[PDB]
Amino acid sequence: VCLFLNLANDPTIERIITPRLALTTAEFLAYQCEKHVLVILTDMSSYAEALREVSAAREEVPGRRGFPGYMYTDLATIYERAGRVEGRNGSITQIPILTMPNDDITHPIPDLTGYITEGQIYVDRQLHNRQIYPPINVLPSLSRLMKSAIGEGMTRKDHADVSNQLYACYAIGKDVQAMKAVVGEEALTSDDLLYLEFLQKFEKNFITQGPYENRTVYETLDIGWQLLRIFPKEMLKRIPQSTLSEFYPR
Amino acid sequence: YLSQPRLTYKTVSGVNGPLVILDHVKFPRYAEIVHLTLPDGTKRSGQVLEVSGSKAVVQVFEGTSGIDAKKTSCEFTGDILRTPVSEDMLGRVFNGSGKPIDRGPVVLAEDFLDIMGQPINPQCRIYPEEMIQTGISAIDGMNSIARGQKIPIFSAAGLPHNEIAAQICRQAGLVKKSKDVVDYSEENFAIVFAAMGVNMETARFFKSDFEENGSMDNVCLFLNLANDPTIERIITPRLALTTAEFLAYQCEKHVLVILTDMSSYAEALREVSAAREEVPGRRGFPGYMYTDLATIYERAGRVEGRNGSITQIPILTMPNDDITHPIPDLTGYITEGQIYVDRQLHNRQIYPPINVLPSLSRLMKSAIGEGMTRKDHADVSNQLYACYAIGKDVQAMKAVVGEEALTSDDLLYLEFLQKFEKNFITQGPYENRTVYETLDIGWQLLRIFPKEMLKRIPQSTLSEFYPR
Amino acid sequence: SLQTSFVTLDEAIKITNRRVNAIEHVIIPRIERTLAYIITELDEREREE
Amino acid sequence: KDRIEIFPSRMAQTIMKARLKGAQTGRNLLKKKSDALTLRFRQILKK
């Protein structure tokens, strides 16, 4: 483990170089010592703030929200220092984090971070308001490489359809909650009560883990199927019948 | 008049963006046209933007690229832009700059005029006194166009407003034939059409359609593809208006000018302003957009003592279907009346998708009347509108009240709705309906009910027209 | 038969009237105020630039 | 409570104007149903 601490009382300007040193060391450890490494950068909002400060000092022609127009270029220089190389063995797996001003997704910083990088996890506030931990909303979480990182041999033949179906059920359940807010139980039917029950048990069993709860992927698919069994096999559309003929009945 | 030899300079103190700054020019004047010759031999025109002592600035029309400092000639003309107007321009096709493009010859100018035009004295305005027919039954019957009225046509991206414009072009005219066709043969009507900010497919479509309709002998055409220089965008309208003026008030004709895609005009004007370093106004558009659109729209009407008129039908698109966007807002303020097209109606596969419910008019009361038309127009329009509004809101009612609780008269209202949308509005691209046919179809649609329900029609005309 | 239909239709009318009233006296003013605030904020942001 | 929680923006202006239009259409449609229901009530009590 190697560290680079920059407390809040330190000089502000040295933030623009701090991540660069870490990434340089990461490149060295990746392609000169052939070691697999994981990078973690924190509070990129402060990084953007430092860029704003240095820019406003120079009186440059500014951009949206006061930020320099060239933020995207700089963030591209910082994030694209990741990947693997032919003829080598090490790799860079980068996982930054950042805070959201006033929980606004359309704020420029998170927008550009979604645009450069490969999606989001979106620790959601409302789940945290209900003492849920990790309070993560699966619905906006995106992971482009997951589509081909799964399959027979890699993880299992039975990974993808579980995921897609569970996503669809979550989306429909939140839709049902919204429609209930509009009207209520009087115009709804049995299936809406089932979907709300599914949402409840999904926030009970799937998301909530605990500070040390270490799960395994096969057990995770088991839990996904236990949640999927709440409905009939017929109502499901995304999952082909092929997987249901092998793993639905129990 | 002018007899002095022209000057030319090999001075270039710098270039920046679409502008070229020089100096040591003798007695420069604003708005002076300037030619240029590059090292490679290309010729380009331009205009003077800034003047300050012996310093000058010229915005090159064709776009600045590869202009050396020392090897560049810059001839001066000493006159503002002047158009070679001429009656014989009908049957021709031009580009934005006025250079012909139909393999024809340069215009043998009959007279030279100022491109900007001059304001027309409000004292010598004449109120409109008679209607016209555009060939569209939905427009003539429900919403009259007088001689000299300024009616825009709001549309949006993705609608067939261009097809409507072409239809209006190939069928516009007069209805003086009420009394006799022998006196109707004296026709003195022409159309000038200014396609601007138009993509290539639509430009070709316009050229082909105008040539197909066989009435090109009274159509002037101006094209400005979106490739051409952005400044030529805001010079095409001035040429078109100057031509329309010269034809209207020097040939005593009846001209109908149709402008297309004023949003592209606004965008080009915005770009000119931003290049000119001026401070932005509201929404990024310049402050004096109101004055500019005013000086474009206000060139029309009628003149006392001259047998002629100018009618304007500008078109424009509303970004995001937003009715409070500045371009339609200012356009509505300056002009009189408005006509809509609605997404849903086009999405019902109804052509032309003309939504009459929010369509208004300002001079309909005085455009129509006994003599110039039949005596049975205004009441018919009121009845059609009232019946249609009843039918639509009644369909909204039956949507939840259930069709079983409906009265038989309710079914008559629904029948009126469906037949009105099936026949009156739908016409087809070539079904050239006249005003009289339109009123015939209107009476036929009204015949469904008894005269008792038709409570907007006077009994005096009921005893005459209803039992047909 | 008539009396049965009357007695049920009474509460039917009551619930419908409650729904329309709640809609017309709660949500519409709220949305309209939100739109006023939004227009103001957009104006502020443009003027700063 | 007095303001629907969202970040102001232009897109937000579009969505809120759409939601207002939806509420208005719902109100009109409910008014039509209430008209039919009171018609049934009156005709039942007619005689």
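Chain order of the listed sequences is A, B, C and D.
So the first sequence is numbered by the authors' numbering: it starts at 257 and just counts up by one.
So the second sequence is numbered by the authors' numbering: it starts at 39 and just counts up by one.
So the third sequence is numbered by the authors' numbering: it starts at 150 and just counts up by one.
So the fourth sequence is numbered by the authors' numbering: it starts at 4 and just counts up by one.
Don't be surprised by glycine CBs; every beta carbon is placed ideally from N, CA and C.
- Taking one beta carbon from each stretch, the segment 106–121 of chain B and the segment 248–255 of chain B have fewer than 3 pairs nearer than 8 angstroms; the two do not touch.
- For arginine 167 of chain C, the enclosing alpha helix (DSSP H) covers residues 151–171.
- Collapsing the DSSP output to three states places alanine 434 of chain A in a helix.
- Interface flag for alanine 39 of chain D against chain B is set, since a Cβ pair is found closer than 9 angstroms.
- For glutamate 198 of chain C, the nearest beta carbon of chain D is not closer than 9 angstroms to its own beta carbon.
- In this structure, DSSP gives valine 95 of chain B an extended state, which the three-state scheme calls strand.
- Contact annotation: in the segment 14–36 of chain D, residues whose CB is within less than 8 angstroms of a CB in chain B are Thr17, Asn31, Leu32, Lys35, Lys36.
- By the CB criterion at 9 angstroms, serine 347 of chain B and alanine 286 of chain B fall inside the cutoff.
- Under the three-state reduction of DSSP, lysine 403 of chain B is assigned to helix.
- Secondary structure of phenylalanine 454 of chain B (DSSP, three-state): helix.
- In this structure, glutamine 187 of chain B sits near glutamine 350 of chain B, with a CB-CB distance shorter than 9 angstroms.
- Between the alpha carbons of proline 396 of chain A and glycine 440 of chain B lies a distance of about 42 angstroms.
- For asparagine 393 of chain B, no Cβ of chain D is located within less than 9 angstroms of the residue's own Cβ.
- Taking the C-beta atoms as reference points, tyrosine 451 of chain A is found no nearer than 9 angstroms to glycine 480 of chain A.
- Setting aside the 5 residues that flank it on each side, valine 89 of chain B is surrounded in the same chain by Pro66, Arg67, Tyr68, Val95, each with a C-beta closer than 8 angstroms to its C-beta; the list follows chain order.
- Within the model, the alpha-carbon separation for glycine 407 of chain A versus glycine 466 of chain A is close to 28 angstroms.
- Restricted to the segment 324–367 of chain B, the beta strand (DSSP E) segments that are unbroken, complete and at least 3 residues in length are 347–355, listed in chain order.
- The DSSP-derived three-state label of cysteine 289 of chain B is helix.
- In this structure, the alpha-carbon of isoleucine 189 of chain B lies about 15 angstroms from that of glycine 179 of chain B.
- Near chain D, meaning a CB-to-CB distance below 9 angstroms, the residues of the segment 353–380 of chain B are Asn358, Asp360.
- The continuous stretches of alpha helix (DSSP H) do not include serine 41 of chain B, and DSSP gives it neither H nor E.
- Sequence-distant partners of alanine 278 of chain A (beyond 5 residues in either direction) whose C-beta falls short of 6 angstroms from its own C-beta, in its chain, are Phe260.
- Listed in chain order, the non-local C-beta contacts of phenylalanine 458 of chain B below 8 angstroms within the same chain comprise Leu422, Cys425, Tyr426, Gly429, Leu483, local neighbours out to five positions each way being set aside.
- Exclusion of the five residues before and after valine 473 of chain A leaves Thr411 as the residues of its chain whose Cβ lies within less than 7 angstroms of its Cβ.
- Here DSSP, grouped into helix, strand and coil, assigns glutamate 100 of chain B to coil.
- The C-beta separation of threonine 464 of chain B from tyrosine 378 of chain B comes to about 17 angstroms, leaving the pair out of contact by the 8 angstroms criterion.
- Here the segment 159–173 of chain C makes contact with the segment 38–50 of chain D; the two share three or more CB pairs at distances below 8 angstroms.
- For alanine 427 of chain B, no Cβ of chain D is located within less than 9 angstroms of the residue's own Cβ.
- When Cβ pairs closer than 8 angstroms are counted between the two stretches, the segment 297–305 of chain B is seen to touch the segment 363–379 of chain B, the count reaching three or more.
- Secondary structure of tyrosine 303 of chain B (DSSP, three-state): helix.
- Below the 9 angstroms Cβ cutoff, chain D contributes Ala39, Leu42, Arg43 as neighbours of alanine 443 of chain B, in chain order.
- Of the candidates B:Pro357, B:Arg344, B:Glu239, B:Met154, B:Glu239 places its Cα closest to the Cα of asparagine 265 of chain B.
- The straight-line gap separating the alpha-carbon atoms of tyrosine 504 of chain A and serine 419 of chain A is approximately 15 angstroms.
- Rounded to whole angstroms, the separation of the alpha carbons of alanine 241 of chain B and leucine 398 of chain B is 30 angstroms.
- Taking a 10 Å sphere around the C-beta of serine 311 of chain A, we find 16 or more other C-beta atoms and assign the residue as buried.
- By the Cβ-count criterion, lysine 460 of chain A is exposed, with fewer than 16 other Cβ atoms from all chains shown falling within 10 Å of its own Cβ.
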